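# Chains, contacts and geometry: an overview
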Amino acid sequence: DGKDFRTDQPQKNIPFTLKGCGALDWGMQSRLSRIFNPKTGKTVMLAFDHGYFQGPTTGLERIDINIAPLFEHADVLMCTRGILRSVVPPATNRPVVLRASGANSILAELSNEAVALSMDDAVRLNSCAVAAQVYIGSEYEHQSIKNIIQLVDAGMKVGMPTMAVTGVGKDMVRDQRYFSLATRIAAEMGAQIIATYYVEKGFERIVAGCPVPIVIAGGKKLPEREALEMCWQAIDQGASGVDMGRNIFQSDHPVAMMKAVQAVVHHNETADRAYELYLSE
Amino acid sequence: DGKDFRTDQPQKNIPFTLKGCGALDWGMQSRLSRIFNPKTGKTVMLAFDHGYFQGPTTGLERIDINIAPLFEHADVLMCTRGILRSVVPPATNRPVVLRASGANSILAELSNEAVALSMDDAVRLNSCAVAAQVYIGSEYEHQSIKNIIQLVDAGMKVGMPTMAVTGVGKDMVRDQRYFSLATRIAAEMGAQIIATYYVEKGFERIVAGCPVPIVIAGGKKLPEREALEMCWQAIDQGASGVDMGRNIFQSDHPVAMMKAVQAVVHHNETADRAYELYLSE
Amino acid sequence: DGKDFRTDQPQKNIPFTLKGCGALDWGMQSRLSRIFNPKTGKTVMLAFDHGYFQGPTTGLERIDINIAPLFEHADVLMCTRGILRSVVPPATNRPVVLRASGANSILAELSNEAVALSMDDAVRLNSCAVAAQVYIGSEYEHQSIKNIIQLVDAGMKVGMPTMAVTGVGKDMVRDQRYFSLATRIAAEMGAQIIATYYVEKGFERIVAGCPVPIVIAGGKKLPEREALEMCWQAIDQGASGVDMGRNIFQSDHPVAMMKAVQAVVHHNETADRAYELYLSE
Amino acid sequence: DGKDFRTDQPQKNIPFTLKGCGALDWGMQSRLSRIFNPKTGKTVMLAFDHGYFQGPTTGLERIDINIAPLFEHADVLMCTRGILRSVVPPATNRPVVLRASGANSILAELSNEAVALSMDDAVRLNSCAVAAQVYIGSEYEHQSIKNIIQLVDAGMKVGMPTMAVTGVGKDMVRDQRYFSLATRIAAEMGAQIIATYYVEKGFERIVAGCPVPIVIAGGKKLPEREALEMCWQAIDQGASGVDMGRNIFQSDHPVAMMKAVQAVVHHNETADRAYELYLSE
Amino acid sequence: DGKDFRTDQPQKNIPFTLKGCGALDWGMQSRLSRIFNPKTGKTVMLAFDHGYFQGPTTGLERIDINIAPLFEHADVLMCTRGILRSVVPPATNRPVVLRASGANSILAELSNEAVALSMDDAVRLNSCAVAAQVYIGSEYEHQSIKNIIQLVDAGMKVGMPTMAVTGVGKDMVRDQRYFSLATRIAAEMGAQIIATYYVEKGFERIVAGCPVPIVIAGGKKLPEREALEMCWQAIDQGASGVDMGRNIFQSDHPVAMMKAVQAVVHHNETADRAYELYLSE
Ligand SMILES: CC(=O)[C@@H](O)C(=O)COP(=O)(O)O
Ligand SMILES: CC(=O)[C@@H](O)C(=O)COP(=O)(O)O
Ligand SMILES: CC(=O)[C@@H](O)C(=O)COP(=O)(O)O
Ligand SMILES: CC(=O)[C@@H](O)C(=O)COP(=O)(O)O
Ligand SMILES: CC(=O)[C@@H](O)C(=O)COP(=O)(O)O
């Protein structure tokens with residue numbers, strides 16, 4: 001009778017502010033919190049998935065020795081289930097984003113992708129999301145959009161987020177009007193995280209037209225403090241993070257490279273004080 | 001070129017303020033919005049499912065004649081699929097909460113209920129929610145809780161809210177500590193709407209202790225002037241609406257009783273000016 | 001001794017008058033009534049699914065912003081699940097018609113569409129109908145019908161209506177004899193809603209030849225006084241509503257435009273007395 | 001061109017007037033229409049399923065010999081799948097209603113019934129409806145209603161009507177208050193046809209309180225001049241037909257009895273005028 | 001090339017050290033890493049599912065106010081789906097252990113539990129594990145074990161860990177020989193996490209005899225200095241962590257108390273360098 005139900009204190013719902021994800025089930029919003037830091041709304045994603053069509057890329061020839069010491073320093077790991085089960089220790093304890101597409105290679109057509117793992121297996125490995133390429137304007141574009149749909153159709157049954165990454169190929173003009181077309185279609189079809197390329201004009205425009213968080217692709221490795229201005233620019237006009245690739249594992253200062261990348265995204269750091277985490281390491 | 005992405009304007013998630021329902025999928029939140037008014041957060045639910053174990057209850061002998069003109073002034077209709085399909089015209093265009101429990105009758109033990117319709121048919125009939133009686137303290141309580149468990153498990157797959165109605169047994173009172181026990185376990189098991197009966201002391205402690213909306217059922221017929229004080233009291237110390245059966249259709253002016261409960265719930269009306277326009281019609 | 005079954009007054013079924021929808025289950029008839037007002041039998045549909053193959057179309061760069069305040073003034077909203085969950089709040093409380101086709105784009109063949117979301121997810125989102133493009137006379141005409149067939153097969157299990165939208169090419173003469181070919185087949189295939197374009201000669205024959213309701217596609221952006229004339233005569237020749245977009249959200253006065261569209265549709269307003277209080281607020 | 005769409009003539013829906021069945025899918029409305037003649041809205045059903053718990057009951061020892069010549073003068077046959085496949089020839093071309101309950105007998109508890117055939121097989125047998133006993137007030141009242149629930153849930157997936165037969169005990173009074181309770185519970189649960197017994201006072205009130213068609217069970221053999229008054233009284237009080245087992249096949253002039261029953265049910269003839277067409281044969 | 005395959009340096013599998021979990025799939029091993037900290041192999045679990053059969057016990061009347069600020073201090077949360085979706089924010093970003101048993105209450109038999117959630121929904125809710133009570137020696141012991149058997153069966157398909165919690169009666173004077181029975185059977189049946197009570201004589205034989213990790217349940221409220229002696233004694237004698245419900249939300253220093261529990265489990269902190277992790281507030 002002296003117990004306190006606090007009748008004086010009205011119940012009020014606590015808002016979920018991750019962009020365009022305010023009308024999702026708890027679990028899907030839960031997995032998204034593992035990727036996107038709840039304080040920050042952004043992520044630093046470590047991609048080491050390129051072997052799914054490229055093979056032993058420079059720096060991913062040995063995942064266990066040169067990429068293993070880098071896991072602890074990533075917000076979220078991105079790889080394949082083959083790489084995950086083989087060389088990525090479960091005890092590493094980081095959110096994982098699975099490559100669920102493949103059946104392409106650098107010797108044949110690049111857009112000829114199919115779903116590379118079932119949602120059944122994405123769940124069994126306790127994934128936070130699945131990722132697939134969308135290839136608008138390429139030969140097998142129809143199929144590429146269909147891969148997303150199947151993952152999204154499957155993803156809703158289980159609360160598993162889908163990442164659509166807009167994949168450019170051969171000779172294709174990277175501009176804002178294309179990626180605006182490309183990112184939006186993926187988001188329009190239902191993808192909840194978008195991975196894209198930074199564009200020097202109108203990146204502000206691809207993010208705005210995209211209702212859901214947007215992440216940056218690294219591109220080819222530049223000298224180790226390079227376009228952290230790219231990251232800084234990306235974060236400054238709305239990118240929700242970076243899914244950096246070779247730009248990290250091929251850096252010759254891999255643990256010290258991302259301590260730099262953290263700062264630009266979460267620490268709202270100037271691009272040129274990213275070098276203040278220096279390569280004198 | 002002439003496009004306006006309003007880059008000056010960051011995208012913002014709009015909070016869903018309905019109590020304990022801020023982390024549900026769009027469709028489930030959508031279904032809750034037909035029932036729970038999105039700007040007042042409350043409901044006036046018309047229950048006439050009483051015949052599912054009582055037969056032709058008084059006021060309910062002819063649903064097509066005496067209840068048909070009331071569909072139109074109700075927020076939500078509550079009946080069985082048998083009544084819904086037979087005499088409730090689809091063109092009524094009101095949210096329906098289906099009675100999904102039964103296999104008991106006033107001739108036997110009354111807590112002896114089982115699921116009376118599959119989620120398949122609730123979806124087929126475009127239900128906004130499914131409802132079942134839970135009988136805490138009764139001979140057959142275990143099964144009644146099991147019914148909700150099944151309905152919630154089935155309901156989550158499809159975005160269908162589940163309503164639990166606290167059916168009291170064998171005069172075991174019917175005080176606050178009992179309804180706190182009944183409502184919370186039900187809410188704990190996963191039901192997003194809870195129907196309970198009003199008590200004259202401490203109804204505020206039942207509402208506060210329940211993580212999801214609580215609406216009260218009308219009970220046996222009272223003088224309409226004694227019955228809107230119940231509504232006024234329930235809503236004022238936190239009820240998120242009403243599920244009023246017999247205090248509507250047993251009255252001499254159900255349509256005028258209608259508006260009066262409506263006046264109390266949504267319009268924050270004091271008790272007797274709601275009947276000061278009960279007799280105005 | 002106190003019951004009144006009013007045996008003198010026989011039960012009489014109340015007819016469902018919606019054209020060609022008199023032999024449907026309650027739930028399917030229920031869903032059609034959120035869309036078609038049961039008193040007028042008509043609809044005003046706000047289409048903002050344009051981005052599903054076009055990207056950030058002019059007027060849809062910010063759905064979150066410029067088209068969102070217009071939701072309240074539409075009878076039914078039409079969009080994608082990607083857009084719906086991201087930027088359309090559940091509290092909007094409007095019937096939704098989901099874009100259920102896609103995998104095409106402005107860079108490739110435009111008739112090459114596949115089903116873009118499962119019936120599983122349409123239910124989960126509490127859709128009122130699903131829509132797909134049919135491309136009669138086009139390269140992927142066959143597949144476009146197959147998608148329709150597939151949607152009807154899934155919809156019938158669950159009581160969900162399918163809307164067929166006529167897909168035009170850069171090749172095709174738009175006349176009465178053609179839309180009669182396009183609309184009839186879709187209706188013949190099982191579609192309960194057909195979306196087509198107005199023709200200035202013989203539109204009365206397109207309406208007559210279709211056993212189910214016909215709604216108008218918006219067509220190219222017009223001066224608003226041209227689009228209410230488009231609206232008035234089609235409804236004058238039997239149309240059951242509009243599936244309008246750019247004549248509303250590209251208008252520089254979107255809210256004032258739909259009230260003008262409601263009046264022409266519903267209130268049998270002549271187009272130039274509809275313009276009366278087009279300039280209200 | 002010379003086509004006649006006769007656009008001056010709007011399409012108008014033709015109502016399905018069968019009581020409480022105006023909101024059913026076409027196929028379900030189709031099956032109910034084979035049973036209930038749409039011109040009279042009534043039926044004469046020849047029930048010979050008695051062997052499912054009674055064994056070779058009197059008059060039914062030889063279905064192939066003393067019941068076979070009666071099929072043609074019946075509107076719909078009611079039997080079990082065992083009798084149907086074995087001794088009822090397919091070429092009979094009459095509607096059949098399958099007994100879908102059993103597993104009881106005259107040597108044990110008579111309410112102890114379970115579902116006796118899957119919906120898979122009712123369809124396989126081109127059934128127009130499935131039937132089960134409901135045993136209100138009995139030991140297995142719970143089970144008997146659950147049997148109905150399972151059949152109605154299954155029937156809705158397939159457009160198969162379910163008939164509920166008020167299985168009554170007994171030490172228990174056959175008054176209107178009982179059949180009103182039994183019939184209402186069954187109809188409320190979803191059964192589209194209810195078979196019950198005629199009572200000399202307030203049967204019209206059993207009819208009025210049931211939203212869906214009511215057909216009467218024949219009961220034990222009466223003098224045929226007495227059974228035509230039961231028929232006359234029942235139809236006069238709102239009943240939609242007959243479910244006549246023993247008052248037909250136990251008569252020594254069964255064919256002439258069904259014509260006598262036909263006259264009362266469809267052609268609205270008096271009992272004493274239907275009686276001299278009971279003779280004449 | 002620019003390749004470095006380190007042929008001199010063979011790949012080596014990283015051993016997974018969690019007790020009895022060296023033969024599990026990555027995903028299952030992954031989920032256990034969110035619960036048992038990879039540094040220590042230990043956990044501090046915050047249980048507040050008590051209401052699933054007790055209703056609003058003291059400290060749990062309002063989860064959102066007095067339990068919400070504690071999310072910050074446990075390794076893993078243990079609760080129900082009803083509490084989770086309603087009052088636990090996804091942005092909490094915490095490992096969750098769902099209550100997967102219920103259908104009991106304090107007014108009836110307490111061992112009368114059933115499986116309370118589909119594995120489907122635990123996955124949808126991104127659980128790290130599901131938990132159920134085992135009631136060895138009680139009247140409904142059989143079902144409680146089957147509940148465990150079923151959850152593991154569902155879990156093994158999906159890589160979802162099952163926790164078995166030992167449910168005691170006041171039949172039993174509870175000692176070491178008995179909890180040895182309860183813990184072992186469950187682990188034997190397949191549960192990978194075990195919850196037990198401390199016994200002051202022979203707790204060493206329960207942990208050694210249990211092949212999979214054991215966490216101790218707090219039990220009823222005791223003074224914090226000896227309750228931290230419970231934590232120290234259990235952890236020091238091989239227990240792998242705590243599943244601490246009532247002994248935290250008992251304190252007038254709940255928030256400052258778990259740091260005392262925190263330190264003892266993770267750092268092998270002395271019980272009474274721990275009584276005063278009060279300080280200044
Ligand atoms: C198939 C791909 O697109 C990968 O190459 C990838 O996305 C990794 O990131 P980056 O290193 O390309 O930026
Ligand atoms: C147990 C019941 O009676 C339910 O049918 C119910 O909750 C309807 O409410 P009311 O009729 O008591 O107002
Ligand atoms: C496939 C489409 O393009 C439809 O979205 C459509 O045509 C209706 O909107 P409007 O663009 O005609 O106004
Ligand atoms: C199994 C039955 O009892 C029903 O098939 C039935 O009611 C037959 O009619 P009657 O034998 O009562 O005339
Ligand atoms: C039977 C219970 O009460 C469980 O819920 C439990 O043991 C949780 O921890 P504590 O209450 O022992 O601290």
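Quick note: structure is the one above.
Residues numbered from 1 in each chain as written, not as in the entry; some residues may be left out. Chains lettered and ligands numbered in written order. Part of a larger assembly, values for the part shown. Heavy atoms only, no water.

## Re the environment of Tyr197(A)
- Here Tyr197(A) shows up in the loop between β8 (193-196) and α8 (203-208).
- Put simply, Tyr197(A) and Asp175(A) are 22 residues apart on the chain and 9.2 Å apart in space, counted from C-alpha to C-alpha. (Helix = DSSP H or I, 4+ residues; strand = E, 2+ residues; numbered from the N terminus.)

## Re the nonpolar core
- Residues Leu46(B), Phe48(B), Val88(B), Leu46(C) and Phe48(C) are the most contacted members of the largest nonpolar core, which totals 184 residues.
- Not counting residues within four places of it along the chain, the set of residues in contact with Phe48(C) comprises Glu188(A), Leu60(C), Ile63(C), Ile67(C), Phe71(C), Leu77(C), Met78(C), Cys79(C), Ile83(C) and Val88(C).
- Formed by 175 residues, the second largest nonpolar core is a distinct cluster that contains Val123(E), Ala187(E), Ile194(E) and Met258(E). (Core = buried A, V, L, I, M, F, W, Y, C linked by side-chain atoms within 4.5 Å. Buried < 20%, exposed > 50% of the residue type's maximum accessible area, 1.4 Å probe, protein only. Contact = heavy atoms within 4.5 Å.)

## Describing the site of ligand 4
Residue and element names in this part refer to chain D.
- Residues in close proximity to ligand 4 include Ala 47, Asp 49, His 50, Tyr 52, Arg 99, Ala 217, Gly 218, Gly 219, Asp 243, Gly 245 and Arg 246, which together make up its full environment.
- In the model, an oxygen atom of ligand 4 is placed 2.4 Å from a nitrogen or oxygen of the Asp 49 side chain.
- Residue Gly 245 places a main-chain N or O atom 3.0 Å away from an oxygen atom belonging to ligand 4.
- Among the residues making up the shell around ligand 4, the classes are represented as three nonpolar, four polar and four charged. (Near = heavy atom within 4 Å. Polar contact = N/O pair within 3.5 Å; in protein donor to acceptor, adjacent residues only side chain to side chain. Nonpolar A, V, L, I, M, F, W, Y, C, P; charged D, E, K, R; others polar.)

## Considerations on unusual backbone geometry
- A cis geometry characterises the amide bond from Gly169(D) onward to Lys170(D), with omega recorded as 5 degrees.
- Looking at the element boundaries, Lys170(D) is found in the loop between β7 (162-166) and α7 (176-189).
- In the Ramachandran plot, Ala103(A) falls in the positive-phi region, its phi being about 65 degrees despite a non-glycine side chain.
- Position of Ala103(A) among the secondary structure elements: in the loop between β4 (101-102) and β5 (114-115).
- Overall, the relative accessible area of 68% leaves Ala103(A) in the exposed class.

## A word on helix α9 (residues 224-236) of chain D
Residues and elements named next belong to chain D.
- In this model, α9 (13 residues) spans 18 Å end to end at C-alpha, consistent with the 18 Å of a helix rising 1.5 Å per residue.
- Listed as buried for α9 are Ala 227, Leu 228, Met 230, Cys 231, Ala 234 and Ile 235. Along the axis of α9, the buried positions cluster into a sector of 155 degrees, meaning they face one direction only.
- Where the residues of α9 are buried, they touch β9 (214-217), β10 (241-244), α10 (246-249), α11 (254-265) and α12 (271-274). (Expected span 1.5 Å × (residues − 1). Arc of directions from axis to C-beta.)

## Points about a positive patch on the surface
All names here are of chain E.
- A cluster of basic residues, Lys 170, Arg 174, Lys 220 and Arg 246, forms a positive patch on the protein surface.
- Along the polypeptide, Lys 220 turns up in the loop between β9 (214-217) and α9 (224-236).
- Taking relative accessible area as the criterion, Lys 220 reaches 67% and is therefore assigned exposed. (Patch = residues over 30% accessible without salt bridge, like charges linked within 9 Å, V, L, I, M, F, W, Y side chains within 5 Å. Areas by Shrake-Rupley, 256 points an atom, 1.4 Å probe, with all protein chains shown as cover. Salt bridge = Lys/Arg side-chain N within 4 Å of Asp/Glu carboxyl O. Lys, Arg positive; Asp, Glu negative; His and termini not counted. Charge placed at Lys NZ, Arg CZ, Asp CG, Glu CD.)

## Side note on the pairing of β9(E)
All names here are of chain E.
- A two-sided burial pattern is seen for β9, the buried positions comprising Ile 214 and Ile 216 on one face and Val 215 and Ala 217 on the other.
- Here strand β8 (residues 193-196) pairs with β9 via three bridges, running parallel. Residue pairing for β9: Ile 194 is matched across the bridge by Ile 214.
- Tracing the backbone out of β9, into α9 and back to the parallel element strand β10 (residues 241-244) gives a crossover that is right-handed. (Pairing = 2+ DSSP bridges. Right-handed = clockwise from strand over helix to strand, strands pointing away.)

## Describing the relation of the copies chain A and chain E
- Least-squares fitting of chain A to chain E yields an RMSD of 0.9 Å, with the transformation described by 0.0 Å of translation along the axis and a rotation of 180 degrees. Expressed as an axis order, the relation between the two copies is that of a two-fold axis.
- Both copies share a contact surface, since 93% of the interface residues of chain A are interface residues in chain E too. (Least-squares fit on C-alpha atoms.)

## Some thoughts on the arrangement of the chains
- There are seven pairs of chains in contact here, and the one with the most contacts is chains A and E.
- What separates chain C from chain E at the closest point of their C-alpha atoms is a distance of 13 Å, and the two make no contact.
- In this structure chain D stays clear of chain E, and the shortest span between their C-alpha atoms is 20 Å.

## So, the pattern of salt bridges
- Tallied over the entire structure, the rule returns 52 salt bridges over all chains.
- Between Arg225(A) and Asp272(A) there is a salt bridge whose closest N-O contact spans 3.5 Å. With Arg225(A) in the loop between β9 (214-217) and α9 (228-236) and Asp272(A) in the segment after α11 (254-265), this residue pair connects regions lying 47 residues apart in the sequence.
- Accessibility expressed as a relative area gives 25% for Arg225(A), which makes it partly exposed.
- On the basis of relative accessible area, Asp272(A) is assigned to the exposed category, the value being 57%.
- Across the pair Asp121(B) and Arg85(B) runs a salt bridge, and its minimum N-O distance is 2.4 Å.

## Thoughts on the sheet that holds strand β1 (residues 43-47) of chain A
Residues and elements named next belong to chain A.
- Strand order in the closed barrel formed by eight strands is β1-β2-β3-β6-β7-β8-β9-β10, with parallel pairing between adjacent strands. Neighbour-to-neighbour, the strand axes of the sheet open up by a mean angle of 25 degrees, direction not taken into account.
- Against the sheet, helix α6 (residues 141-156) touches β6 (129-134) and β7 (162-166), its axis set at about 165 degrees to β6. (Axes fitted to C-alpha atoms, helices over the stretch in contact; angles between N-to-C directions.)

## Some words on the packing of aromatic side chains
- One pass over the full model with this rule turns up 25 aromatic pairs over all chains.
- On the basis of an interplanar angle of 65 degrees and a centroid distance of 5.1 Å, the ring pair of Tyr178(A) and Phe179(A) is categorised as edge-to-face.
- Ring-pair connections join several aromatic residues into one group, and the members of that group are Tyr178(A), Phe179(A) and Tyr197(A).
- Of note, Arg174(A) hangs over the ring of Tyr197(A), and the distance from its end group to the ring centre comes to 4.0 Å.
- Cation over ring: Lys3(C) sits above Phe5(C), and NZ or CZ is 5.4 Å from the ring centre. (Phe/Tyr/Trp six-rings, centres within 6.5 Å; stacked < 30°, edge-to-face > 60°. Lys NZ or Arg CZ within 6 Å of the ring centre and 35° of its normal.)

## Focus on the interface of chain D and chain C
- Listed as interface residues are 25 residues of chain D and, on the opposing side, 25 residues of chain C.
- Overall, the association of chain D and chain C removes approximately 1,900 Å² of surface from exposure, summing both partners, and the carbon and sulfur fraction of that is 50%.
- Broken down residue by residue, the surface that chain D buries against chain C is led by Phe5(D), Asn13(D) and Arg205(D), which jointly contribute 30%.
- On the surface where chain D and chain C come into contact, there are zero salt bridges.
- Inspection of the chain D/chain C interface yields eleven residue pairs in polar contact.
- For the side of chain D that touches chain C, the elements supplying multiple residues, two or more each, are α1 (26-35) and α8 (204-208) of chain D.
- With three residues, the top contributor of residues to the side of chain D that touches chain C is α8(D).
- Its residues assigned to classes, the side of chain D that touches chain C comprises ten nonpolar, nine polar and six charged. (Buried area = accessible area lost by both parts, 1.4 Å probe.)

Function cannot be read off these values alone, since they describe shape.
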